[PDB]
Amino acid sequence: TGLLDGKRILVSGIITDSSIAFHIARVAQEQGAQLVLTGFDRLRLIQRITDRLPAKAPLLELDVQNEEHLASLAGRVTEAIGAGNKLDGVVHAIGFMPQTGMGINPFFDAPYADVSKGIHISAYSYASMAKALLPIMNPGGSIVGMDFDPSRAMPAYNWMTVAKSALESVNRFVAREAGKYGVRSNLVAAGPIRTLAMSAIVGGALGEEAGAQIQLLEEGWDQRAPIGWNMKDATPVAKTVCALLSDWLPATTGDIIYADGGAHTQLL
């Protein structure tokens, strides 16, 4: 019962319970949504994490680079939600960039093969997912992906920033396609969230200066966010995704909502 009551919503992107997609799933369920989850490699792992969601959700394997996964995905989803039932909501919370595309590995040293894979998973998959899923979405539906504002360059994020810029562009095109279905497509630009991966990088897994830069990045974010930014709390982000999954932003599409504390609106 609540914001998303009665809505059926596929949430990709759970890998640990500190995944942003975990909290989107959690908040969505608290808000009445019925979910279908997708999970990339470690399905036993993800099933076990998602057990802690306030409700059961069928989990489906989706490797966004796997053409057959995508080819089969809408059938598997209507299996999970039942025939004559369509999705109202799709959450893309998938992202990856090989280590060479990030951190201390010099920007120019990331091999295109690595960059392409990251763009595949992080950008192009937003379109793949919309292609697989728009056929099984209701008018009034809503696709949401997870963005990290790439409008300016920053240390360490390197090719993942480039991947996010591609994503923003994809999302504008997905909006165009989604529009034919009465469906909105939008990104949520989140502030830095202390995801397991993020904590690794902060603690030096991608090099000390990268880890140092990201820590400075985090602190500056909260400093300039007029409402502050708490990187340890994904809930404001999860709620924002739910905001877009709902009927309360019905004239917004091709767009980016900044759940970033307002940090992007402030220079210092």
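Note that residue numbering follows the sequence shown and begins at 1.
Set 47-55 against 238-246 and average the Cα temperature factors; 47-55 ends up higher. In this crystal structure, the stretch out of 259-267 and 1-9 whose C-alpha atoms carry the higher mean B factor is 1-9. Taking only the listed residues 91, 87, 119, 127, the entry reports the highest CA temperature factor at 87.
Per the deposited coordinates, the residue with the largest Cα temperature factor out of 188, 197, 143, 163 is 197.
Per-chain ranking of the deposited C-alpha B factor places residue 177 in the middle third. In the deposited entry, the Cα temperature factor of residue 139 sits in the middle third of values across the chain's modelled residues. Sort the chain's modelled residues by C-alpha temperature factor and residue 226 lands in the lowest third, per the entry. In this PDB entry, the Cα temperature factor of residue 203 sits in the top third of its chain's modelled residues, the highest group. Sort the modelled residues of the chain by CA B factor and residue 110 lands in the middle third.
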